[PDB]
Each structure stands twice: as structure tokens, then as C-alpha cells.
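So this one's query30.cif, mmCIF, N, CA and C atoms:
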```cif
data_input
loop_
_atom_site.label_atom_id
_atom_site.label_comp_id
_atom_site.auth_asym_id
_atom_site.auth_seq_id
_atom_site.Cartn_x
_atom_site.Cartn_y
_atom_site.Cartn_z
N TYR A 1 -117.21 86.54 292.80
CA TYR A 1 -116.14 86.82 293.78
C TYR A 1 -115.54 85.52 294.35
N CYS A 2 -114.27 85.55 294.78
CA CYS A 2 -113.49 84.33 295.05
C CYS A 2 -113.26 84.00 296.54
N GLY A 3 -113.05 82.72 296.88
CA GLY A 3 -112.83 82.29 298.27
C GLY A 3 -111.56 82.85 298.94
N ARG A 4 -110.51 83.13 298.16
CA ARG A 4 -109.29 83.83 298.61
C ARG A 4 -109.42 85.36 298.67
N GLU A 5 -110.51 85.90 298.13
CA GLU A 5 -110.82 87.33 298.09
C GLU A 5 -111.49 87.77 299.40
N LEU A 6 -112.60 87.12 299.76
CA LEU A 6 -113.43 87.54 300.90
C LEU A 6 -112.70 87.38 302.24
N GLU A 7 -111.82 86.38 302.36
CA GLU A 7 -110.98 86.17 303.54
C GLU A 7 -109.97 87.32 303.74
N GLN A 8 -109.28 87.74 302.68
CA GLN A 8 -108.21 88.74 302.76
C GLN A 8 -108.77 90.17 302.81
N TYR A 9 -109.86 90.46 302.08
CA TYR A 9 -110.68 91.66 302.32
C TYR A 9 -111.06 91.77 303.80
N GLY A 10 -111.55 90.65 304.37
CA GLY A 10 -111.92 90.55 305.78
C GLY A 10 -110.79 90.93 306.74
N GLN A 11 -109.55 90.45 306.50
CA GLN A 11 -108.39 90.81 307.33
C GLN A 11 -107.95 92.27 307.18
N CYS A 12 -108.01 92.84 305.97
CA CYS A 12 -107.59 94.22 305.77
C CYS A 12 -108.57 95.22 306.43
N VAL A 13 -109.88 94.92 306.50
CA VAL A 13 -110.87 95.72 307.25
C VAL A 13 -110.90 95.41 308.75
N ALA A 14 -110.69 94.15 309.15
CA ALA A 14 -110.71 93.75 310.56
C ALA A 14 -109.54 94.34 311.35
N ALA A 15 -108.37 94.53 310.72
CA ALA A 15 -107.23 95.14 311.39
C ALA A 15 -107.51 96.59 311.81
N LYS A 16 -107.88 97.44 310.83
CA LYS A 16 -108.37 98.82 310.97
C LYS A 16 -109.32 99.17 309.80
N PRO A 17 -110.31 100.06 309.95
CA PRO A 17 -111.17 100.48 308.83
C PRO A 17 -110.43 101.03 307.59
N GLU A 18 -109.34 101.79 307.75
CA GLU A 18 -108.50 102.29 306.64
C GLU A 18 -107.39 101.29 306.21
N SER A 19 -107.21 100.18 306.93
CA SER A 19 -106.29 99.11 306.51
C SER A 19 -106.76 98.37 305.26
N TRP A 20 -108.00 98.57 304.80
CA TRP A 20 -108.44 98.19 303.46
C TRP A 20 -107.65 98.89 302.34
N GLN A 21 -107.06 100.06 302.60
CA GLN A 21 -105.94 100.59 301.80
C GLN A 21 -104.57 100.11 302.32
N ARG A 22 -104.33 100.18 303.64
CA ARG A 22 -102.96 100.13 304.22
C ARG A 22 -102.33 98.74 304.43
N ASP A 23 -103.10 97.69 304.71
CA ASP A 23 -102.60 96.33 305.04
C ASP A 23 -102.33 95.43 303.82
N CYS A 24 -102.89 95.76 302.65
CA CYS A 24 -102.76 94.96 301.44
C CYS A 24 -102.81 95.80 300.15
N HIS A 25 -101.66 96.02 299.50
CA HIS A 25 -101.59 96.51 298.11
C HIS A 25 -101.59 95.39 297.07
N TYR A 26 -100.57 94.53 297.11
CA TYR A 26 -100.32 93.48 296.12
C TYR A 26 -101.38 92.38 296.20
N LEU A 27 -101.75 91.98 297.43
CA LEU A 27 -102.79 90.98 297.66
C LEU A 27 -104.18 91.53 297.32
N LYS A 28 -104.46 92.83 297.56
CA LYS A 28 -105.73 93.46 297.15
C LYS A 28 -105.91 93.45 295.63
N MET A 29 -104.82 93.58 294.88
CA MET A 29 -104.82 93.47 293.43
C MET A 29 -104.90 92.01 292.94
N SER A 30 -104.18 91.05 293.54
CA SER A 30 -104.23 89.64 293.10
C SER A 30 -105.59 88.99 293.35
N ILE A 31 -106.29 89.37 294.43
CA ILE A 31 -107.68 88.94 294.63
C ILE A 31 -108.63 89.66 293.65
N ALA A 32 -108.35 90.92 293.29
CA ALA A 32 -109.11 91.63 292.27
C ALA A 32 -108.96 90.97 290.88
N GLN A 33 -107.80 90.41 290.52
CA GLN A 33 -107.64 89.62 289.28
C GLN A 33 -108.60 88.42 289.24
N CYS A 34 -108.87 87.76 290.38
CA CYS A 34 -109.79 86.61 290.42
C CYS A 34 -111.24 87.00 290.07
N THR A 35 -111.70 88.18 290.51
CA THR A 35 -112.99 88.77 290.09
C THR A 35 -112.93 89.66 288.83
N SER A 36 -111.75 89.85 288.22
CA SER A 36 -111.55 90.63 286.98
C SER A 36 -111.29 89.78 285.73
N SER A 37 -110.61 88.65 285.87
CA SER A 37 -110.20 87.74 284.79
C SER A 37 -110.57 86.27 285.05
N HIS A 38 -110.85 85.90 286.30
CA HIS A 38 -111.06 84.52 286.78
C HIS A 38 -109.85 83.57 286.59
N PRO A 39 -109.80 82.42 287.30
CA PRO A 39 -108.70 81.46 287.16
C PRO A 39 -108.65 80.80 285.78
N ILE A 40 -107.45 80.48 285.28
CA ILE A 40 -107.23 79.85 283.96
C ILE A 40 -107.51 78.33 283.90
N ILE A 41 -108.11 77.76 284.95
CA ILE A 41 -108.12 76.31 285.22
C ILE A 41 -109.09 75.50 284.36
N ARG A 42 -108.70 74.25 284.05
CA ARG A 42 -109.44 73.35 283.14
C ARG A 42 -110.86 73.04 283.62
N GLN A 43 -111.06 72.95 284.94
CA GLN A 43 -112.34 72.65 285.58
C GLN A 43 -113.44 73.68 285.25
N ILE A 44 -113.09 74.97 285.19
CA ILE A 44 -114.03 76.04 284.81
C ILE A 44 -114.22 76.03 283.29
N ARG A 45 -113.11 75.94 282.55
CA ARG A 45 -113.07 76.00 281.07
C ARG A 45 -113.81 74.86 280.37
N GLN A 46 -114.01 73.71 281.03
CA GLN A 46 -114.82 72.60 280.50
C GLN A 46 -116.32 72.94 280.49
N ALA A 47 -116.82 73.61 281.53
CA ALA A 47 -118.25 73.89 281.69
C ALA A 47 -118.72 75.06 280.81
N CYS A 48 -117.95 76.15 280.74
CA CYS A 48 -118.22 77.28 279.82
C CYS A 48 -117.50 77.14 278.46
N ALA A 49 -117.22 75.90 278.02
CA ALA A 49 -116.46 75.62 276.81
C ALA A 49 -117.10 76.16 275.51
N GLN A 50 -118.44 76.18 275.40
CA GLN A 50 -119.14 76.70 274.21
C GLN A 50 -118.99 78.24 274.07
N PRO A 51 -119.21 79.05 275.13
CA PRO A 51 -118.75 80.44 275.18
C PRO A 51 -117.24 80.59 274.91
N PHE A 52 -116.39 79.77 275.53
CA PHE A 52 -114.94 79.88 275.39
C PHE A 52 -114.47 79.63 273.95
N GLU A 53 -115.16 78.77 273.20
CA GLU A 53 -114.99 78.60 271.76
C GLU A 53 -115.48 79.84 270.99
N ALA A 54 -116.72 80.28 271.22
CA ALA A 54 -117.38 81.34 270.45
C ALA A 54 -116.70 82.71 270.57
N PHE A 55 -116.23 83.06 271.78
CA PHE A 55 -115.55 84.33 272.06
C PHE A 55 -114.11 84.36 271.53
N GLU A 56 -113.44 83.20 271.41
CA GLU A 56 -112.22 83.08 270.60
C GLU A 56 -112.54 83.18 269.09
N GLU A 57 -113.67 82.63 268.63
CA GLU A 57 -114.07 82.64 267.21
C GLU A 57 -114.46 84.04 266.70
N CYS A 58 -114.84 84.97 267.58
CA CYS A 58 -114.99 86.40 267.26
C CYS A 58 -113.65 86.98 266.76
N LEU A 59 -112.59 86.91 267.57
CA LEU A 59 -111.24 87.38 267.24
C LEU A 59 -110.47 86.47 266.26
N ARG A 60 -110.93 85.24 266.02
CA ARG A 60 -110.38 84.35 264.98
C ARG A 60 -110.86 84.76 263.58
N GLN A 61 -112.16 84.98 263.40
CA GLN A 61 -112.77 85.22 262.08
C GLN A 61 -113.12 86.69 261.79
N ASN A 62 -113.39 87.48 262.83
CA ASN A 62 -114.01 88.81 262.76
C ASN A 62 -113.33 89.80 263.73
N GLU A 63 -112.00 89.73 263.91
CA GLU A 63 -111.25 90.58 264.85
C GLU A 63 -111.40 92.09 264.57
N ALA A 64 -111.82 92.42 263.35
CA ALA A 64 -112.05 93.76 262.81
C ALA A 64 -113.43 94.36 263.15
N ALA A 65 -114.31 93.59 263.80
CA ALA A 65 -115.70 93.95 264.11
C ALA A 65 -116.04 93.66 265.59
N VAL A 66 -115.11 93.97 266.51
CA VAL A 66 -115.21 93.59 267.93
C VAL A 66 -116.30 94.39 268.68
N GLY A 67 -116.81 95.47 268.10
CA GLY A 67 -118.05 96.12 268.56
C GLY A 67 -119.29 95.21 268.48
N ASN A 68 -119.26 94.15 267.66
CA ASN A 68 -120.33 93.15 267.60
C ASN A 68 -120.13 92.01 268.63
N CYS A 69 -118.89 91.60 268.91
CA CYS A 69 -118.56 90.79 270.09
C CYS A 69 -117.11 90.98 270.58
N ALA A 70 -116.95 91.08 271.91
CA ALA A 70 -115.69 91.16 272.65
C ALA A 70 -115.52 89.97 273.61
N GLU A 71 -114.29 89.61 273.97
CA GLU A 71 -114.04 88.35 274.71
C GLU A 71 -114.04 88.41 276.24
N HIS A 72 -113.06 89.03 276.89
CA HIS A 72 -112.68 88.58 278.23
C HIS A 72 -113.77 88.78 279.29
N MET A 73 -114.54 89.87 279.21
CA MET A 73 -115.60 90.16 280.18
C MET A 73 -116.91 89.43 279.85
N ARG A 74 -117.14 89.08 278.57
CA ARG A 74 -118.36 88.37 278.12
C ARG A 74 -118.21 86.86 278.36
N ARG A 75 -117.04 86.33 278.00
CA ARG A 75 -116.60 84.94 278.21
C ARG A 75 -116.58 84.58 279.71
N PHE A 76 -116.05 85.47 280.55
CA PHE A 76 -116.07 85.34 282.02
C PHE A 76 -117.50 85.28 282.59
N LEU A 77 -118.41 86.18 282.18
CA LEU A 77 -119.78 86.21 282.70
C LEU A 77 -120.54 84.90 282.45
N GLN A 78 -120.39 84.31 281.26
CA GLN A 78 -120.99 83.01 280.93
C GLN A 78 -120.37 81.85 281.71
N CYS A 79 -119.13 81.97 282.21
CA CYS A 79 -118.58 81.02 283.19
C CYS A 79 -119.25 81.21 284.56
N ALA A 80 -119.28 82.42 285.12
CA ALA A 80 -119.87 82.68 286.44
C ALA A 80 -121.39 82.37 286.52
N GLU A 81 -122.09 82.40 285.39
CA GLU A 81 -123.51 82.03 285.26
C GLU A 81 -123.75 80.50 285.24
N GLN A 82 -122.70 79.69 285.06
CA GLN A 82 -122.76 78.21 284.99
C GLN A 82 -121.96 77.51 286.11
N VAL A 83 -120.79 78.03 286.47
CA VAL A 83 -119.78 77.44 287.37
C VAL A 83 -119.14 78.48 288.30
#
```
For the structure just supplied, provide its representation as C-alpha cells.
Amino acid sequence: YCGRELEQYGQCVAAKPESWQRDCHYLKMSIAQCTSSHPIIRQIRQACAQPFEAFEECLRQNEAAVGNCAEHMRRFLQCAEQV
């Protein structure tokens, strides 16, 4: 979970208990992208670079057998486990 996520979640609940629906639609989704896809930044991509190579190499060589490996959620988890 992200530093821009917990602050804005905090404001939408602190205003009113149902303002977690009412105070933020677009911002509730853009903070959800940070915990759904993570940032595209070079600083993260350098540390999980071996996963980031291997999960592209699944769809490079074996795109027809993605039940054996899939990218975006597996590649992300190996980043959050290191950085």
C-alpha cells in the first residue's frame, strides 16, 4: 500500500464514515492503481529487475502457455517483497 493512499483514505473516512464512498471517486481509484499496478519508476524496476525480465520472457517466448506464468500481479509481488 502507498504513502498517497493511506493519507487520502484517512481524509475520506475522517470527514464522514460514508464519505469513504462520497468524498473521493477519482482519487479513490488513482490510489487503488498504486496498490493494483504499482508506480512505473526506475528506482523500483532496478531492484526487482530479475522478476521484471522473467515475467516479460513468459509473454516473449511462451505467450500461448500463460497458465504456467502470468505477469502483472506476479511481477508486482516480487517488487513489494524486495522494495
As an exercise, work out the distance from CA of residue 55 (chain A) to CA of residue 33 (chain A) in Å and give it to one decimal place. 19.7 Å
Written as a PyMOL selection string, which residues does the PyMOL selection byres ((chain A and resi 3-14) around 8) give for the file shown? chain A and resi 1-2+15-24+27-28+30-32+34-35
Near residue 70 (chain A), within 8 Å and counting only N, CA and C atoms, which residues show up once chain neighbours fewer than 2 positions away are dropped, as a short mmCIF file (atom, residue, chain, number, x, y, z; two decimals) with N, CA and C atoms, in the frame of the given file?
```cif
data_model
loop_
_atom_site.label_atom_id
_atom_site.label_comp_id
_atom_site.auth_asym_id
_atom_site.auth_seq_id
_atom_site.Cartn_x
_atom_site.Cartn_y
_atom_site.Cartn_z
N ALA A 54 -116.72 80.28 271.22
CA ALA A 54 -117.38 81.34 270.45
C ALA A 54 -116.70 82.71 270.57
N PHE A 55 -116.23 83.06 271.78
CA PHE A 55 -115.55 84.33 272.06
C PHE A 55 -114.11 84.36 271.53
N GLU A 56 -113.44 83.20 271.41
CA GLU A 56 -112.22 83.08 270.60
C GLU A 56 -112.54 83.18 269.09
N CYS A 58 -114.84 84.97 267.58
CA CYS A 58 -114.99 86.40 267.26
C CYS A 58 -113.65 86.98 266.76
N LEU A 59 -112.59 86.91 267.57
CA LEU A 59 -111.24 87.38 267.24
C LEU A 59 -110.47 86.47 266.26
N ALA A 65 -114.31 93.59 263.80
CA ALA A 65 -115.70 93.95 264.11
C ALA A 65 -116.04 93.66 265.59
N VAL A 66 -115.11 93.97 266.51
CA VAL A 66 -115.21 93.59 267.93
C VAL A 66 -116.30 94.39 268.68
N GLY A 67 -116.81 95.47 268.10
CA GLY A 67 -118.05 96.12 268.56
C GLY A 67 -119.29 95.21 268.48
N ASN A 68 -119.26 94.15 267.66
CA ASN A 68 -120.33 93.15 267.60
C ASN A 68 -120.13 92.01 268.63
N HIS A 72 -113.06 89.03 276.89
CA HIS A 72 -112.68 88.58 278.23
C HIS A 72 -113.77 88.78 279.29
N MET A 73 -114.54 89.87 279.21
CA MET A 73 -115.60 90.16 280.18
C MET A 73 -116.91 89.43 279.85
N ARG A 74 -117.14 89.08 278.57
CA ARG A 74 -118.36 88.37 278.12
C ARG A 74 -118.21 86.86 278.36
N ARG A 75 -117.04 86.33 278.00
CA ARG A 75 -116.60 84.94 278.21
C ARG A 75 -116.58 84.58 279.71
#
```
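In this structure, CA of residue 38 (chain A) sits 22.8 Å away from CA of residue 63 (chain A).
Counting only C-alpha atoms and comparing A:36, A:26, A:64, A:76, the residue that lies closest to residue 52 (chain A) is A:76.
We find atom N of residue 53 (chain A) and atom N of residue 37 (chain A) to be spaced 16.7 Å apart.
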Would you kindly place N, CA, C and O atoms on region 23-37 of chain A and return the model as a PDB file, in the frame of the given file?
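Written out: part23.pdb:
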```pdb
ATOM      1  N   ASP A  23    -103.100  97.690 304.710  1.00  0.00           N
ATOM      2  CA  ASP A  23    -102.600  96.330 305.040  1.00  0.00           C
ATOM      3  C   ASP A  23    -102.330  95.430 303.820  1.00  0.00           C
ATOM      4  O   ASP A  23    -101.623  94.415 303.940  1.00  0.00           O
ATOM      5  N   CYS A  24    -102.890  95.760 302.650  1.00  0.00           N
ATOM      6  CA  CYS A  24    -102.760  94.960 301.440  1.00  0.00           C
ATOM      7  C   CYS A  24    -102.810  95.800 300.150  1.00  0.00           C
ATOM      8  O   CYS A  24    -103.872  96.254 299.744  1.00  0.00           O
ATOM      9  N   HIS A  25    -101.660  96.020 299.500  1.00  0.00           N
ATOM     10  CA  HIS A  25    -101.590  96.510 298.110  1.00  0.00           C
ATOM     11  C   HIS A  25    -101.590  95.390 297.070  1.00  0.00           C
ATOM     12  O   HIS A  25    -102.521  95.279 296.258  1.00  0.00           O
ATOM     13  N   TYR A  26    -100.570  94.530 297.110  1.00  0.00           N
ATOM     14  CA  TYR A  26    -100.320  93.480 296.120  1.00  0.00           C
ATOM     15  C   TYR A  26    -101.380  92.380 296.200  1.00  0.00           C
ATOM     16  O   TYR A  26    -101.910  91.958 295.175  1.00  0.00           O
ATOM     17  N   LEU A  27    -101.750  91.980 297.430  1.00  0.00           N
ATOM     18  CA  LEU A  27    -102.790  90.980 297.660  1.00  0.00           C
ATOM     19  C   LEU A  27    -104.180  91.530 297.320  1.00  0.00           C
ATOM     20  O   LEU A  27    -104.992  90.800 296.759  1.00  0.00           O
ATOM     21  N   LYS A  28    -104.460  92.830 297.560  1.00  0.00           N
ATOM     22  CA  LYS A  28    -105.730  93.460 297.150  1.00  0.00           C
ATOM     23  C   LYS A  28    -105.910  93.450 295.630  1.00  0.00           C
ATOM     24  O   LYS A  28    -107.033  93.257 295.156  1.00  0.00           O
ATOM     25  N   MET A  29    -104.820  93.580 294.880  1.00  0.00           N
ATOM     26  CA  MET A  29    -104.820  93.470 293.430  1.00  0.00           C
ATOM     27  C   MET A  29    -104.900  92.010 292.940  1.00  0.00           C
ATOM     28  O   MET A  29    -105.699  91.739 292.053  1.00  0.00           O
ATOM     29  N   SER A  30    -104.180  91.050 293.540  1.00  0.00           N
ATOM     30  CA  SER A  30    -104.230  89.640 293.100  1.00  0.00           C
ATOM     31  C   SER A  30    -105.590  88.990 293.350  1.00  0.00           C
ATOM     32  O   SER A  30    -106.072  88.202 292.532  1.00  0.00           O
ATOM     33  N   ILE A  31    -106.290  89.370 294.430  1.00  0.00           N
ATOM     34  CA  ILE A  31    -107.680  88.940 294.630  1.00  0.00           C
ATOM     35  C   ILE A  31    -108.630  89.660 293.650  1.00  0.00           C
ATOM     36  O   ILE A  31    -109.564  89.026 293.148  1.00  0.00           O
ATOM     37  N   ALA A  32    -108.350  90.920 293.290  1.00  0.00           N
ATOM     38  CA  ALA A  32    -109.110  91.630 292.270  1.00  0.00           C
ATOM     39  C   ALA A  32    -108.960  90.970 290.880  1.00  0.00           C
ATOM     40  O   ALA A  32    -109.958  90.888 290.167  1.00  0.00           O
ATOM     41  N   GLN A  33    -107.800  90.410 290.520  1.00  0.00           N
ATOM     42  CA  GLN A  33    -107.640  89.620 289.280  1.00  0.00           C
ATOM     43  C   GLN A  33    -108.600  88.420 289.240  1.00  0.00           C
ATOM     44  O   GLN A  33    -109.153  88.113 288.187  1.00  0.00           O
ATOM     45  N   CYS A  34    -108.870  87.760 290.380  1.00  0.00           N
ATOM     46  CA  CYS A  34    -109.790  86.610 290.420  1.00  0.00           C
ATOM     47  C   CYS A  34    -111.240  87.000 290.070  1.00  0.00           C
ATOM     48  O   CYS A  34    -111.922  86.277 289.350  1.00  0.00           O
ATOM     49  N   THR A  35    -111.700  88.180 290.510  1.00  0.00           N
ATOM     50  CA  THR A  35    -112.990  88.770 290.090  1.00  0.00           C
ATOM     51  C   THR A  35    -112.930  89.660 288.830  1.00  0.00           C
ATOM     52  O   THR A  35    -113.949  90.184 288.373  1.00  0.00           O
ATOM     53  N   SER A  36    -111.750  89.850 288.220  1.00  0.00           N
ATOM     54  CA  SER A  36    -111.550  90.630 286.980  1.00  0.00           C
ATOM     55  C   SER A  36    -111.290  89.780 285.730  1.00  0.00           C
ATOM     56  O   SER A  36    -111.718  90.158 284.637  1.00  0.00           O
ATOM     57  N   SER A  37    -110.610  88.650 285.870  1.00  0.00           N
ATOM     58  CA  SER A  37    -110.200  87.740 284.790  1.00  0.00           C
ATOM     59  C   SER A  37    -110.570  86.270 285.050  1.00  0.00           C
ATOM     60  O   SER A  37    -110.598  85.482 284.100  1.00  0.00           O
TER      61      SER A  37
END
```
